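A short reminder: the numbers here are calculations on the coordinates, not readings from a lab. We place every Cβ from the backbone using ideal geometry, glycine too, and count neighbours over all the protein chains shown.
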Ligand SMILES: [K+]
Ligand SMILES: [K+]
Ligand SMILES: [K+]
Ligand SMILES: [K+]
């Protein structure tokens, strides 16, 4: 009957660390008697606990032992497995090598290394699974890029499942990480094999009509050759994979990220020249994203930049040649866990059926 | 605010019964009758069984500051057009705009309404930040003057200032609300390239009011082994097209001359048009991969004069994408911007955020 007000009070508890009963009442404009009644039902269901002059305030927190969630990240070479308490806090994290591209190999890892009957000292055990992918998910949870990998995971685990693009999940993470700065407009820019963007617009993850918003890697740019204008996808020019493939052709050897960093630190001229060009293209890309979306901030997740964070200053310096806008240009706020923790947020929101959980999980 | 909800229902459903309002809002008939009696008492609503927004409560002014004119639209309280006037703009000066406003608008005139002028919307070819500061006005000389403050001082009513493409997107939202297109773009192609963005049924302006300033996107061209970056509005805006045809044909090219030379099948013009159509198709593909809207509404004077070019854009778009995005021309050539302005001032004065009224003239 009071399902909505129970959800509202629970959301306040997630969003405000050790909030008082009276502060919940004030935030929601609901009388103290009704807030006390709602809290008693939430305490009775083991969802919330009380925290251990004049009257002492009653402080509330989410009961981390109510159950746990699993956040999965299906990368190009691994299966990342994160376990989170009901309050979002990290229990443990594991990384498994992915022997090949097969979905069967992913499912084999999930079956072999995840014990779904394990309660991890929680009352209800596994409550839900988030799945992060390097692909496109439509608004009806269909992976569009026999049976979907998410539905295959839903059957193996037998709990609610959410599937989402990795850049979209990282943007949810950045929304909550920078919520204290009120950055209600931001972009999580992903540069790896492709170029992807997680878009936060007016504090909401914007997915577009088909879940393809922020598929910036597919943007077409022209180059006139032999008096013929040819269009190319920007991710075929300056994704990290395109940079490595280009350098493999120029140096006539197989280039890996580790070799690129080594050759760059050694100041190999072919690599230095290509890096200056790559840095310039990314600076122009940030300018273009700013004139299109005009966010408060952009958070770049590029393995090369995470290994050499000083390149952020070269991007910022090159950006100044094109624009005087004060957009915050940053690297990802959490190299290891932004995507995984964004997944934790998405599964919490789905299982609870509560939007705008602003919880900033520190890990 | 149930009083605001009932008023919004009456705006959104022209002639709605007391029982239909009750059903739409899930509020009992007695409370709806009580709310309606207060709204009738305030002269905001009139009876026709059916309820209508009292058009004689007052009126609004919607202004459009174009490159060469000051467009002045008068609207009743229900949004209906009273009249529209167009004044020549002698020069770029903001002082000349204010002189026209002071000379041709009688703010004491009630126009048979009870309260007279209730508010003014101002549409500009430029950037307005979220604090109503005009931060970019390319074809007009500001001279330090605050458009918002100066029009508010002259008219003594609430004033909203907004980008023309943003106002056109607000107009398309109302026009295509029955199709539930909560994500759309109003693409403006004239001297520059601009976009009004509707995201999740709301006008998205960005952190500085610069969202959709797509004309400033930089693209590179290698010349004499040097990579040079250019703003796309300097390459394929309508002005840029006319400029490159002026250099190729060695004569001053106007829109009227372009259409004439195109219909005559002048080879320089026919090839440049095929290239222009292709660049706009790629632009729509790029906007779709960036924003992925339900629909895009293009406002380009060349396309409004030759609407069949929409089919050539749609055909060329299929070479790049299989997406089912609706590609259309503006739903109202003459008044989308002005009527979007009417909507923005109605929403501001009433403090009601999702009004879907669709008048066309
Ligand atoms: K990445
Ligand atoms: K995305
Ligand atoms: K100003
Ligand atoms: K705009």
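Cβ-to-Cβ counts within 10 Å put B:179, A:260, B:329 in ascending order as B:179, B:329, A:260, the fewest first.
The alpha-carbon atoms of region B:1-130 define a convex hull whose volume equals 130 cubic angstrom per residue. For chain B, the fraction of alpha-carbon pairs lying more than 36 Å apart is 28 percent, rounded to a whole number. Legend: mean number of C-beta atoms from other chains within 10 angstrom of residue C-beta atoms, peptide A:219-227, equals 4.
Scoring B:85-95, A:283-293, B:133-143 by mean Cβ neighbours within 10 Å over their residues and listing the highest first yields A:283-293, B:133-143, B:85-95.
When the Cα convex hull of region A:194-234 is projected onto planes of every orientation, the mean area is 3.7 nm².
Working from the Cα coordinates of region A:182-331, the gyration tensor eigenvalues give, after taking √(5λ), semi-axes of 26, 19, 15 Å in decreasing order. Dimensions of region B:205-290 from C-alpha coordinates, computed as largest minus smallest value along each principal axis and given longest first, are 46, 34, 22 Å. At a threshold of 8 angstrom on Cα-Cα distance, excluding pairs fewer than six apart, so keeping six or more, what relative contact order does region A:182-331 reach in percent? Once normalised by length, the contact order is 24 percent. May I ask you to list the residues of region B:79-102 whose amide nitrogen lies under 19 Å from a point 7 Å from Cα along the Cα→beta-carbon direction of residue B:333? Inside the label zone: B:84-86.
Have a look at the DSSP beta bridges in the protein assembly as shown and tell me what percent are antiparallel, nearest 5. Looking only at bridges with both residues in the protein assembly as shown, the antiparallel portion is about 60 percent. Once both labels are positioned 7 Å from their Cα atoms along Cα-to-Cβ, the gap between residue A:102 and residue A:32 label points is 6.5 nm. The radius of gyration of the Cα set in region A:104-168, together with its Dmax, comes out at 12.7, 38 angstrom. Determine the percent antiparallel among the DSSP beta bridges restricted to chain A, to the nearest 5. Close to 60 percent.
Here r is the Cβ-Cβ distance between residue A:118 and residue A:78 and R0 is 22 Å; the resulting FRET efficiency, rounded to 0.05, is 0.55. Kirkwood radius, region A:1-63, all distinct C-alpha pairs, inverse of mean reciprocal distance: 11.6 Å. Over the Cα atoms of the protein assembly as shown, the radius of gyration divided by the Kirkwood radius equals 1.00; this is the Rg/Rh ratio. Inter-chain neighbour count for A:280-289: the average number of beta-carbon atoms from partner chains within 10 Å of each residue's beta-carbon is 3. Taking every DSSP beta bridge that has both ends in region B:180-329, the antiparallel portion is near 60%.
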